[PDB]
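Participant: First the structure, then my questions, so here it is.
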Amino acid sequence: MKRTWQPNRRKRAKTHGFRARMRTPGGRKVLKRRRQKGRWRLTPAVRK
Amino acid sequence: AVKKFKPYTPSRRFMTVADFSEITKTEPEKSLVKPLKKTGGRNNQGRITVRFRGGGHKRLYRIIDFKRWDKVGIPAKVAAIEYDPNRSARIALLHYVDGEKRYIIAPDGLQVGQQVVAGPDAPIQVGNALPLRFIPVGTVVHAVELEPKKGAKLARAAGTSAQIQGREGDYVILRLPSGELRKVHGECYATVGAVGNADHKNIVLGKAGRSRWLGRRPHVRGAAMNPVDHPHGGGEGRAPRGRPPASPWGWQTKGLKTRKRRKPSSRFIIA
RNA sequence: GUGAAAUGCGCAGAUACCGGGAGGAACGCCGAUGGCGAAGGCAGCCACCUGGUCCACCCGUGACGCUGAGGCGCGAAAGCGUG
RNA sequence: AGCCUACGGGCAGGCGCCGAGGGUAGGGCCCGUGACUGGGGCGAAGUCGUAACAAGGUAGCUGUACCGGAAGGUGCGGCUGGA
RNA sequence: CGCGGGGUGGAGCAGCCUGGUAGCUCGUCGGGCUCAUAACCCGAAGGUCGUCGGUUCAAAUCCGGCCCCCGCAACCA
RNA sequence: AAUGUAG
RNA sequence: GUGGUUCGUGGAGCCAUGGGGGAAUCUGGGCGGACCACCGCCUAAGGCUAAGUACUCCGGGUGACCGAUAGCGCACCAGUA
RNA sequence: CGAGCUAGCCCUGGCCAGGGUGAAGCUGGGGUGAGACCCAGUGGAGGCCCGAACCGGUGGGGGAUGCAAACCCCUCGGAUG
RNA sequence: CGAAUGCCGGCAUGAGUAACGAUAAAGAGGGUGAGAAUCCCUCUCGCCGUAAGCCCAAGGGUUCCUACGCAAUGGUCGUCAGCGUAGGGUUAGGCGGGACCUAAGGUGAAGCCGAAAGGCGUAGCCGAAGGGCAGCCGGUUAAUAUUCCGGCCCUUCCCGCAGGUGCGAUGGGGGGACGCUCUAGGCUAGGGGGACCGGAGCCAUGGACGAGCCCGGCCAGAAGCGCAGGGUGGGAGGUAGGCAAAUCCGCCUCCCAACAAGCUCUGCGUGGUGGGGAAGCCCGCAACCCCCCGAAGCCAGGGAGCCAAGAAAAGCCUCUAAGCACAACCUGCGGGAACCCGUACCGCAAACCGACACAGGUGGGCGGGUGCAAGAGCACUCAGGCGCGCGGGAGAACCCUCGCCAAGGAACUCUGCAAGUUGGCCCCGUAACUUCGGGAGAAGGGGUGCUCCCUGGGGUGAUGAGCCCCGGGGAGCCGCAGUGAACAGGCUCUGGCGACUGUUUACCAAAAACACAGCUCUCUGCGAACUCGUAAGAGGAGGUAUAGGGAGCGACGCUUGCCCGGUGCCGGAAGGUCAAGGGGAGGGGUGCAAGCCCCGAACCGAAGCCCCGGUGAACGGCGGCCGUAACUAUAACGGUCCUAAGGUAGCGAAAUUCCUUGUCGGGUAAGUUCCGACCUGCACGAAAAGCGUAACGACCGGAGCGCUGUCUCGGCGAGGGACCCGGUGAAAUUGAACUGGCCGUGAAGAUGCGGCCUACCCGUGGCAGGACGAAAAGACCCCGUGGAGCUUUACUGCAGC
RNA sequence: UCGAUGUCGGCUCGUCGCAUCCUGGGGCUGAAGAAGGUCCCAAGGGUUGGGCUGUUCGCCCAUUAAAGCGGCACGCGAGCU
């Protein structure tokens with residue numbers, strides 16, 4: 001039966017993207033936080 | 001005339017449809033002026049703000065003329081009566097001598113081939129449009145502006161009319177389809193006659209789909225919800241409001257007047 | 001308003017009077033112990049469509065008539081359905 | 001396969017069609033009867049009123065409609081078998 | 001059982017929170033009106049205030065006790 | 001401004 | 001009508017101001033805790049000003065600080081798997 | 001931070017084996033003063049019927065540290081809206 | 001540190017136990033290698049075949065191919081692998097996306113709004129599975145191919161040439177361009193037959209040298225031809241319009257032309273050419289034609305009907321503007337130029353989502369053949385692909401899934417739960433009741449195979465011959481049985497509820513719940529009311545009273561009484577009260593005073609509320625005690641007290657009745673249920689509707705008939721487990737244990753105290769009485785000045801008005 | 001006993017008590033016989049099939065020698081319902 005997760009790359013990029021964080025203030029801070037944490041990945045990476 | 005059906009199915013027993021004598025000999029609408037795609041959309045910036053709207057046949061919009069004083073003095077022939085999905089009345093496509101074409105909300109009596117015209121000059125007969133001053137006190141008349149040059153606001157529901165009741169300076173007394181009595185400015189245009197397709201009131205929808213075809217979603221009663229949901233909501237098994245009937249929002253809905261008290265629209269109204 | 005009353009309306013300005021407007025129903029006098037219609041029934045004025053009837057002229061058809069089970073239509077008021 | 005034979009045939013026997021009726025199922029008409037129920041008829045001296053007959057004390061009857069303990073009332077129209 | 005209300009002439013009800021006067025309608029009796037009976041008129045009669053105590057100078061009334069009549073409550077399990 | 005037992 | 005001050009409408013000044021009304025130029029004007037009168041303090045409605053003060057990404061010095069279940073989450077390729 | 005589950009709406013696409021029933025309208029005849037109507041023949045309507053795909057989840061059994069954090073079997077509802 | 005259901009770690013117990021993940025199924029002979037049930041090959045056996053086969057999207061991201069490997073992973077094994085190591089592999093102007101278009105929506109010049117962050121928003125830009133658009137068939141690799149190669153064929157830019165023309169947009173117009181259902185005639189895909197053509201071979205086992213048997217009889221293809229379609233009037237003059245700029249569109253006016261031809265555009269066929277090409281022996285002979293059926297695909301923008309009335313923009317045509325006409329377009333033809341990104345492999349799954357090589361979920365297309373009326377259904381089967389990554393034995397109990405059963409037939413049970421019966425098609429034949437469509441598959445019945453004879457239509461041809469397609473009548477044959485297997489309704493009578501098809505508690509409730517067509521009340525006159533929002537803004541609605549918001553009842557039929565005193569809502573230019581404010585009689589504090597500062601009564605002061613009235617499909621309500629008839633009973637009738645007024649019609653022991661299994665009747669041998677009645681209705685009743693109602697229902701009750709392993713009452717059988725062997729090997733739980741019975745005792749329910757009795761040590765297959773057995777710091781209950789959801793005439797506030 | 005002692009009835013399986021419903025003894029009798037009544041001794045063995053209700057129980061049908069009453073956590077859900 002259909003589970004929560006249904007990978008779709010368009011979705012993922014439009015939603016958790018670098019460009020998508022940066023437009024909102026709230027998102028800008030996400031990035032700020034993760035940089036400052038040292039995360040190797042600021043964004044959910046996605047590609048083909 | 002209202003077609004009634006034989007009961008080869010329940011529901012198709014109560015259902016009745018329109019005659020289409022009305023309109024005949026013209027269905028595909030006028031690619032030219034007629035169409036802008038119409039935007040289905042049952043609310044504003046996110047949130048639904050009219051409950052129970054949605055679904056229903058995809059629909060194209062006919063762009064009608066509600067300000068006829070552009071074409072003063074130019075007559076036009078009535079070229080066809082056609083179907084409009086977007087309102088209760090039918091519409092007439094008329095070719096102006098001008099070349100130019102437009103759709104008028106088709107008044108009663110109006111028939112293909114007639115010539116029709118708008119101005120202070122115009123003959124006092126069907127479909128012609130005129131300032132209210134140059135229209136004889138007593139005639140019925142529809143598609144009435146409310147302020148001059150603002151477009152026709154009154155009397156456009158299928159089978160509606162207003163009646164000229166009296167004069168009074170620059171202003172002119174009007175009995176509205178409601179029963180209200182309102183002064184309207186003399187320069188406010190109006191088209192002689194009433195609206196027609198007046199059987200429209202008598203369609204018997206017939207079943208609950210159809211209601212859906214017209215994009216009307218089911219409407220759930222107040223009590224029928226729970227208290228979070230509604231004032232009437234709640235009560236162990238079935239309930240009697242519990243004083244006094246109210247919208248979801250809470251404000252009273254049996255008898256409470258809502259129009260704004262100090263409106264400058266006042267002084268113009270009298271019923 | 002009645003038999004006399006009372007309910008009721010009215011100093012928040014009624015009734016009585018005047019002017020301006022809205023709306024619906026019914027048509028005074030003429031009008032009669034009158035007329036028309038098979039009946040039920042039909043009444044202000046105008047125009048249009050249309051039924052029956054009467055008189056006169058002795059012209060035409062030449063018994064082509066009377067009645068009518070059943071059928072078919074009309075049928076006051078009240079009442080019913082939709083608006 | 002039998003029995004007869006005047007070898008052709010005959011008889012017995014066997015099969016079929018129909019068939020009294022029996023069976024299964026579904027209908028139609030009539031008769032009897034039923035907790036209860038609706039009025040109807042009748043029954044020397046029961047309760048409540050007084051509708052009708054005298055302008056019967058609201059002329060009366062009438063078709064309908066609504067209402068009412070009951071006669072009955074009231075609306076709409078009609079009749080005179082009232083004036 | 002658990003709460004609350006009632007008991008007054010023959011019937012239906014006042015009077016009791018605010019002790020000292022038992023009032024009202026119907027009915028009953030006697031007399032009118034009628035040929036007579038209702039209807040109507042005149043004038044009367046009739047109550048131990050369910051009941052035994054307590055308080056008070058004085059109890060239908062305030063305070064308890066028994067006797068009747070009616071009303072609610074009897075839930076979580 | 002009601003109603004008047006049977007024969 | 002409110003805020004700030006220790007001040008919570010208090011006898012409630014002072015400082016600031018959303019609204020209304022609305023001056024004067026030293027006889028000008030604010031203040032000294034309602035308000036009057038003396039006595040005194042100061043010159044609003046323009047602006048700039050180091051230093052002495054805070055903090056520790058970073059460099060260094062110390063420790064009656066820890067010593068790998070401690071010390072930073074991480075002594076180890078960890079903000080990883 | 002989430003509507004890559006779920007609920008609604010919007011834009012644009014795709015899907016519904018094959019059976020059955022046979023509305024209206026036509027045509028024809030009959031009918032009448034004209035009509036109404038009745039008859040065949042044609043026609044092909046419907047939140048129509050049976051029933052796959054597809055959607056579902058009625059009843060029973062099974063499973064119950066499961067094949068499964070809702071599954072399997074038989075049975076059952078819708079199936080042009 | 002010994003306890004915190006403590007925290008991290010390690011190691012026990014259950015235990016060699018349960019399990020090893022679909023009951024589609026295996027067997028043998030050969031290879032290989034240290035080692036083989038598990039790898040390779042062969043042959044037999046079984047399973048899938050609208051697939052479990054083939055191809056595409058998404059997702060995954062090297063899983064692809066080859067060579068080495070076998071520690072770990074693989075539920076066993078492993079020589080194998082999607083595992084480890086290494087090396088290889090993805091080729092495009094035409095496929096798909098981008099240097100084209102717009103949709104919802106996003107963004108956003110201007111513009112607007114917001115304390116900041118930010119919110120809106122016109123043009124424009126972004127945004128696709130929608131529009132537009134140029135490639136087919138073969139051959140090659142170990143692994144890519146419409147991408148490489150071969151053959152044939154196209155498109156766009158730039159340049160030159162020739163010839164044509166008033167050329168020329170960011171502008172105007174046309175077009176692009178549209179729904180559902182039903183369908184015509186042509187094709188094609190695809191399929192069947194052929195006695196015809198081409199083929200290795202074959203005659204077994206009694207017969208067959210046969211019109212035998214087996215295999216195969218194609219595909220792509222420009223121009224031009226055909227054959228079907230689809231689109232389209234052609235003039236000449238006026239010209240108020242297309243934000244006049246037009247020779248174009250639009251609109252008048254009139255010669256011709258016409259259910260045509262023509263001009264034009266697709267499909268299909270044919271076509272120069274190119275390719276393919278079976279069954280067969282150790283890997284190898286070169287037909288390609290005739291008939292039939294035939295699309296849901298093509299011609300396509302085809303036709304008919306119907307209402308609910310069915311995208312946009314570019315490309316493309318055409319019109320004119322500045323301009324420019326030594327430009328510039330248009331049409332040929334030649335030569336040049338032609339980027340970026342993807343292209344392996346999996347892809348209903350062991351490679352995707354489900355922590356797993358998980359019995360679960362996943363969109364699109366192809367999906368052969370025969371038979372059963374049809375079909376994508378059902379049985380077998382082609383191509384192709386699989387036997388589901390632990391086996392080998394036994395032949396208990398018991399469980400699962402299945403088959404059968406004497407006689408009886410619901411006696412089972414809360415309940416026919418479950419299982420049976422019934423089942424397709426053809427033909428007879430079908431009741432009450434009905435809204436009249438229906439109730440109808442009502443019920444009930446008969447037939448069904450095969451051989452031979454005779455016969456009627458239809459399609460294709462051609463009117464004839466075959467090849468299909470529907471039939472009609474007759475004789476006859478075999479079984480227990482002809483829808484011979486598989487798919488495949490049990491029916492009836494009568495209540496309650498809901499009119500109806502529908503919707504819901506994802507994951508215990510599918511219903512009498514919600515929805516619903518329809519009925520009523522109410523608001524709203526348009527910058528509508530109402531909703532979202534601080535605003536700007538937007539929905540409502542590009543609607544306008546026959547329309548929009550709110551509320552209730554919920555098809556239809558027949559109906560919906562009385563009470564406006566209380567509460568709401570509506571109306572009441574008077575009155576009463578009423579805040580700030582106005583007004584200042586009078587009073588006070590200070591100054592020598594001019595003054596400056598306080599209070600402060602009359603009275604003028606909204607809304608609201610008081611007051612007067614209306615209002616029931618507005619919140620709501622709809623009585624008590626006595627007495628009375630010529631038998632008794634009861635009370636048509638009377639008295640009286642209270643209320644705002646005292647329940648009408650119609651229902652009534654009901655989904656509502658406590659007493660209750662009320663009482664009568666029906667039904668049965670027997671009926672606390674059921675059905676029909678009667679009422680003293682504890683406690684029905686009219687739009688939170690009243691009473692009915694055809695039809696509908698996976699809704700709840702009550703009867704029959706049929707039939708049955710439900711039962712009397714159980715028996716036997718099949719398979720998968722359970723048991724034995726070999727391979728791997730968990731779990732909760734666990735203070736420690738050397739863990740018997742009874743009577744007592746004990747915190748009052750003892751293996752563990754007392755007395756007595758009983759008992760050699762240790763396993764295995766079974767059962768579930770006990771260990772107050774396990775799991776979860778009880779849901780019930782109370783407690784806490786614990787929380788949270790909901791309510792209101794609790795309080796106090798706020799939004800709003 | 002609330003860091004859980006599943007909580008009616010049914011089925012299945014029983015086992016016990018006697019205050020005995022049958023069956024075996026027996027004494028009184030208002031015991032003629034037959035059949036009762038009543039008490040005494042005695043559970044060894046028995047103690048039915050249905051309709052109605054979830055029912056326990058009860059009433060009813062047809063039988064019977066009889067159609068007993070109790071306890072076992074209102075015995076028995078790690079046995080089922």
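Labels used: A, B, ... for chains in the order of the structure tokens, numbers from 1 for residues in each chain, and numbers from 1 for ligands as shown.
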If you run DSSP over the backbone, which residues in stretch 14-250 of chain B end up helix (DSSP H, G or I)? Put them as a PyMOL selection string.
Facilitator: chain B and resi 68-71+200-202
Participant: Generate the output file for the selected residues, N, CA and C atoms, as a PDB file, in the first residue's frame.
Facilitator:
ATOM      1  N   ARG B  68     -24.371  50.313 -23.462  1.00  0.00           N
ATOM      2  CA  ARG B  68     -24.734  50.397 -24.860  1.00  0.00           C
ATOM      3  C   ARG B  68     -24.535  51.773 -25.456  1.00  0.00           C
ATOM      4  N   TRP B  69     -24.411  52.765 -24.583  1.00  0.00           N
ATOM      5  CA  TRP B  69     -24.134  54.137 -25.011  1.00  0.00           C
ATOM      6  C   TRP B  69     -22.843  54.368 -25.839  1.00  0.00           C
ATOM      7  N   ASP B  70     -22.032  53.348 -26.016  1.00  0.00           N
ATOM      8  CA  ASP B  70     -20.990  53.449 -27.009  1.00  0.00           C
ATOM      9  C   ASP B  70     -21.724  53.692 -28.307  1.00  0.00           C
ATOM     10  N   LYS B  71     -22.561  52.731 -28.697  1.00  0.00           N
ATOM     11  CA  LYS B  71     -23.158  52.689 -30.026  1.00  0.00           C
ATOM     12  C   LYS B  71     -24.456  53.461 -30.166  1.00  0.00           C
ATOM     13  N   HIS B 200     -36.967  29.656 -16.815  1.00  0.00           N
ATOM     14  CA  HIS B 200     -35.786  29.362 -16.034  1.00  0.00           C
ATOM     15  C   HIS B 200     -36.042  29.004 -14.549  1.00  0.00           C
ATOM     16  N   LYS B 201     -36.995  29.668 -13.911  1.00  0.00           N
ATOM     17  CA  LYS B 201     -37.270  29.355 -12.516  1.00  0.00           C
ATOM     18  C   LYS B 201     -37.735  27.932 -12.342  1.00  0.00           C
ATOM     19  N   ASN B 202     -38.344  27.350 -13.364  1.00  0.00           N
ATOM     20  CA  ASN B 202     -39.044  26.067 -13.230  1.00  0.00           C
ATOM     21  C   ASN B 202     -38.235  24.815 -13.613  1.00  0.00           C
TER      22      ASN B 202
END
Participant: Find the residues of chain G that sit at most 12 Å from chain A; for each, write down the nearest two atoms and how far apart they are in Å, to one decimal. Count only C-alpha atoms (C1' of nucleotides). Sort by chain, then by number going up, and give it as a Markdown table.
Facilitator:
| residue | atom | partner | partner_atom | distance |
| --- | --- | --- | --- | --- |
| G:57 | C1' | A:36 | CA | 11.4 |
| G:73 | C1' | A:37 | CA | 11.4 |
| G:78 | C1' | A:38 | CA | 9.8 |
| G:79 | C1' | A:39 | CA | 5.7 |
| G:80 | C1' | A:40 | CA | 8.6 |
Participant: Do a neighbour search on stretch 1-16 of chain H at 8 Å with only C-alpha atoms (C1' of nucleotides), toss out local chain neighbours closer than 2 positions, and write the hits as a list in words.
Facilitator: residues 2, 3, 4, 5, 6, 7, 8, 11 and 12 of chain A; 40, 41, 42 and 54 of chain B; 53, 54 and 79 of chain H; 103, 104, 128, 129, 130 and 506 of chain I
Participant: How far is it from atom CA of residue B:158 to atom CA of residue B:83, in Å with one decimal?
Facilitator: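 Atom CA of residue B:83 lies at a distance of 12.4 Å from atom CA of residue B:158.
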Participant: Return as JSON, numbers by chain the full set of residues in stretch 58-257 of chain B whose backbone-based DSSP assignment is strand (DSSP E or B).
Facilitator: {"B": [60, 61, 62, 64, 72, 76, 77, 78, 79, 80, 81, 82, 91, 92, 93, 94, 95, 96, 101, 102, 103, 104, 105, 115, 116, 118, 129, 130, 131, 140, 141, 142, 144, 145, 152, 153, 154, 162, 163, 164, 165, 166, 167, 168, 170, 171, 172, 173, 174, 175, 181, 182, 183, 184, 185, 189, 190, 191, 192, 216, 223, 225, 246, 252]}
Participant: May I have the residues within 12 Å of residue H:41 as a list in words, using only C-alpha atoms (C1' of nucleotides) and disregarding those fewer than 5 positions away in the same chain?
Facilitator: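 Result of the neighbour search: residues 26, 27, 28 and 29 of chain H.
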Participant: Write the residues of the selection above to a file with N, CA, C and O atoms (P, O5', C5', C4', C3', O3' and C1' of nucleotides), as a PDB file, in the first residue's frame.
Facilitator:
ATOM      1  P     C H  26     -40.835  14.544 -33.901  1.00  0.00           P
ATOM      2  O5'   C H  26     -40.259  14.372 -35.368  1.00  0.00           O
ATOM      3  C5'   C H  26     -40.666  13.252 -36.145  1.00  0.00           C
ATOM      4  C4'   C H  26     -39.471  12.607 -36.790  1.00  0.00           C
ATOM      5  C3'   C H  26     -39.853  11.566 -37.831  1.00  0.00           C
ATOM      6  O3'   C H  26     -40.114  12.171 -39.087  1.00  0.00           O
ATOM      7  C1'   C H  26     -38.513  10.534 -36.227  1.00  0.00           C
ATOM      8  P     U H  27     -41.631  12.394 -39.553  1.00  0.00           P
ATOM      9  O5'   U H  27     -41.821  11.257 -40.646  1.00  0.00           O
ATOM     10  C5'   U H  27     -40.685  10.658 -41.296  1.00  0.00           C
ATOM     11  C4'   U H  27     -40.952   9.196 -41.566  1.00  0.00           C
ATOM     12  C3'   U H  27     -42.401   8.816 -41.791  1.00  0.00           C
ATOM     13  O3'   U H  27     -42.832   9.217 -43.073  1.00  0.00           O
ATOM     14  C1'   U H  27     -41.430   7.253 -40.344  1.00  0.00           C
ATOM     15  P     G H  28     -44.350   9.608 -43.292  1.00  0.00           P
ATOM     16  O5'   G H  28     -45.102   8.223 -43.065  1.00  0.00           O
ATOM     17  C5'   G H  28     -44.923   7.179 -44.025  1.00  0.00           C
ATOM     18  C4'   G H  28     -45.452   5.889 -43.483  1.00  0.00           C
ATOM     19  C3'   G H  28     -46.899   5.906 -43.057  1.00  0.00           C
ATOM     20  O3'   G H  28     -47.762   6.043 -44.163  1.00  0.00           O
ATOM     21  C1'   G H  28     -45.659   4.786 -41.440  1.00  0.00           C
ATOM     22  P     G H  29     -49.064   6.939 -44.024  1.00  0.00           P
ATOM     23  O5'   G H  29     -50.122   5.903 -43.431  1.00  0.00           O
ATOM     24  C5'   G H  29     -50.215   4.562 -43.959  1.00  0.00           C
ATOM     25  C4'   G H  29     -50.807   3.633 -42.930  1.00  0.00           C
ATOM     26  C3'   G H  29     -52.126   4.081 -42.324  1.00  0.00           C
ATOM     27  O3'   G H  29     -53.236   3.842 -43.185  1.00  0.00           O
ATOM     28  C1'   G H  29     -50.679   3.352 -40.600  1.00  0.00           C
TER      29        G H  29
END
Participant: For a quick test of understanding: name the residues of chain B lying within 9 Å of chain H when counting only C-alpha atoms (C1' of nucleotides), and present them as a list in words.
Facilitator: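 Selected residues: residues 5, 6, 7, 8, 9, 11, 12, 39, 40, 41, 42, 43, 48, 53, 54, 55, 207, 208, 209 and 210 of chain B.
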Participant: Skipping near chain neighbours, those fewer than 5 positions away, what residues fall within 7 Å of stretch 47-57 of chain J using only C-alpha atoms (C1' of nucleotides), listed as a ChimeraX atom specification?
Facilitator: /I:414,670-672 /J:9,22,66-67
Participant: Using only C-alpha atoms (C1' of nucleotides), find the one residue out of B:148, B:169, B:56, B:186 that sits nearest to chain I.
Facilitator: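 Of all the options, B:56 lies closest to chain I.
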